[PDB]
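Protein chains in written order, with the authors' numbering: chain P, 120 to 167; chain W, 24 to 119; chain G, 72 to 119; chain H, 72 to 119; chain A, 168 to 215; chain E, 168 to 215. The beta carbon of each residue, even a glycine, is placed where N, CA and C say it ideally should be. Here's the structure we're looking at; comments come further down.
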Amino acid sequence: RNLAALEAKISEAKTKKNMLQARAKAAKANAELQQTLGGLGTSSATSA
Amino acid sequence: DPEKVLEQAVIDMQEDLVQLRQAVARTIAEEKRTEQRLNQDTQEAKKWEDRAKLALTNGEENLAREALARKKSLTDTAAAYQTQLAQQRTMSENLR
Amino acid sequence: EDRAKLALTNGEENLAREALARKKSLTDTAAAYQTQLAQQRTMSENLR
Amino acid sequence: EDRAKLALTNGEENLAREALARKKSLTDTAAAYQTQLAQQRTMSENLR
Amino acid sequence: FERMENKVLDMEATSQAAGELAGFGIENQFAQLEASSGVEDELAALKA
Amino acid sequence: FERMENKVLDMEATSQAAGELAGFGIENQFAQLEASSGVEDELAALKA
Numbered sequence: 120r121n122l123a124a125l126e127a128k129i130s131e132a133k134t135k136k137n138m139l140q141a142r143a144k145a146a147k148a149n150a151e152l153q154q155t156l157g158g159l160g161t162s163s164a165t166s167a
Numbered sequence: 024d025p026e027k028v029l030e031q032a033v034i035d036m037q038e039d040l041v042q043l044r045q046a047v048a049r050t051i052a053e054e055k056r057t058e059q060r061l062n063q064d065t066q067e068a069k070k071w072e073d074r075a076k077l078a079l080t081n082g083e084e085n086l087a088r089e090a091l092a093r094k095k096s097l098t099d100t101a102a103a104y105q106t107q108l109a110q111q112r113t114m115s116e117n118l119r
Numbered sequence: 072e073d074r075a076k077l078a079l080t081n082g083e084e085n086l087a088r089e090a091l092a093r094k095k096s097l098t099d100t101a102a103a104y105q106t107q108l109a110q111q112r113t114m115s116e117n118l119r
Numbered sequence: 072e073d074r075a076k077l078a079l080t081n082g083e084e085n086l087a088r089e090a091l092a093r094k095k096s097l098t099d100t101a102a103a104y105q106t107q108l109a110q111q112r113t114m115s116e117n118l119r
Numbered sequence: 168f169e170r171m172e173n174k175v176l177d178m179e180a181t182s183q184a185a186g187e188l189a190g191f192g193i194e195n196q197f198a199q200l201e202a203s204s205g206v207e208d209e210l211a212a213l214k215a
Numbered sequence: 168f169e170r171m172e173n174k175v176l177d178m179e180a181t182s183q184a185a186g187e188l189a190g191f192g193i194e195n196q197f198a199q200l201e202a203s204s205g206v207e208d209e210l211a212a213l214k215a
């Protein structure tokens, strides 16, 4: 029974952590998209 | 000279649009993957429900409730992936 | 258009509209060539 | 505007207003070029 | 089979990339093509 | 997972920075764009 419980713990923790990391990476990618959209170099063209 | 600065900005715009295209493609890939995952998971629950029906045939209530636990886990994961895909769709439209 | 008439004989409306598409392309090309020939005639008279 | 008419055929009011935006941009550019050409004609006569 | 299914997942990623590519503004022109078909369809009634 | 959630919190800080950036006086011009849409919308009634 301890082995059954431990395997359940291992599987759930591993998969949950992996998916959490993947979604966090997706979120940070989206945040980088937002930064790039905000990060517009209009100043240089205006100076030219 | 303003000419050179404007030309350089125009050039940089070319890199920027390509980077945004790459980001959009990444978003498309992620939404595809999550859709596939949730779709398969939905059917896994039905398969375990079929095992539960086998249990219903004779005796093994324990097996039936185990299948129900698998179903609960799968549906929770499906709801989480549905939320994730909603976020992906929103972000993809924002990027578009 | 004769092929389109064959289609008119029985059924193949798809073939008729395909023939019509060919007709449209051909008439557009004919108008373009008419304009081109007008330009050629004008230039030829200029050169003469 | 012809694309806008295609939109007028069925539904796509969005396409029609997009075509109208293109029309607005094109006519603004045309007016700017008309002013530019007036300046060019004046300068050319001055030089002549 | 897991390696092969990872390749399958790469194919699914390609499908998602194509879907992300699915957006095209030129699609309106396709409708015009359909409108053109109507012309031939009208001619189908005309043959009567 | 706490390290990863600290990274997530950094992403949330980026979101708060974007919100602090959200203020723009140029937003009025966007409304003009919407007004421009109205023109095309009016033309939609005009097509009738």
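Cβ-Cβ distance between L79(G) and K214(A) below 7 Å: yes
Three CB pairs or more closer than 8 Å across the region 41-49 of chain W and the region 137-157 of chain P: yes
Neighbourhood of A109(W) by C-beta, 6 Å cutoff - its chain only, sequence neighbours within 5 removed: none
Beta carbon of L29(W) nearer than 7 Å to that of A167(P): yes
Three-state secondary structure (DSSP) of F197(A): helix
is_contact[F168(E), chain P] using C-beta, thresh 7 Å: yes
Candidates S115(H), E83(H), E116(H) and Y104(H): closest to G192(A) by CA position: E83(H)
Proximal residues of chain A, C-beta to C-beta of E83(H) below 7 Å: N195
Cutoff 7 Å; reference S204(A); Cβ partners in own chain excluding five residues on either side: none
Residue from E89(W), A101(W), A68(W) and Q105(W) with nearest C-alpha to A127(P): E89(W)
Members of the region 130-154 of chain P that neighbour chain W once the beta carbon cut-off is set at 9 Å: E131, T134, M138, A141, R142, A145, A146, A148, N149, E151, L152 and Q153
Within chain H, the residues that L210(E) reaches when beta carbons sit closer than 7 Å: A87 and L91
Inter-residue Cα distance where the pair is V175(A) and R120(P): 37 Å
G157(P): contacting residues in chain E (beta-carbon distance under 7 Å): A185 and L188
Chain W residues whose Cβ lies nearer than 8 Å to that of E179(A): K55, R56 and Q59
Cβ pair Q107(W), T65(W) closer than 7 Å: no
beta-carbon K214(E) near the ligand ATP non-hydrogen atom, thresh 6 Å: Absence of the ligand ATP from the depicted structure is noted, as is the absence of any ligand whatsoever, leaving it without description.
Distance CB(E26(W))-CB(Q111(W)) smaller than 7 Å: no
Boundaries (first-last residue) of the alpha helix (DSSP H) holding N117(W): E84 to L118
Under the three-state DSSP convention, the category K214(E) falls into: coil
Positions along the region 31-49 of chain W whose CB lies within less than 8 Å of some CB in chain P: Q31, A32, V33, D35, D39, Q42, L43, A46 and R49
Contact with chain A by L97(H), beta-carbon distance below 7 Å: no
Endpoints, the alpha helix (DSSP H) within which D39(W) is located: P25 to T80
Beta carbon proximity, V206(E) to chain P, threshold 7 Å: no
Supposed close pair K69(W), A180(A) - CB separation, criterion 8 Å: With 8 Å as the limit, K69(W) and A180(A) do not qualify as a contact, their Cβ atoms being about 26 Å apart.
Distance CB(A146(P))-CB(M171(E)) smaller than 7 Å: no
For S163(P) and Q37(W), believed in contact at Cβ under 8 Å, the rounded distance: Actually they do not touch by this definition, with Cβ atoms about 14 Å apart.
Pairwise C-alpha distance: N195(A) and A102(G): 25 Å
Interface flag, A164(P) vs chain W, CB-CB below 7 Å: yes
Coarse secondary structure for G186(A), derived from DSSP in three states: helix
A189(E) burial status per 10 Å Cβ neighbour count (16 or more: buried): exposed
Buried versus exposed, by CB contacts within 10 Å (16 or more), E207(A): buried
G157(P) in three-state terms, based on DSSP: helix
Buried versus exposed call for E209(A) [16 or more other C-beta atoms within 10 Å across all chains shown]: exposed
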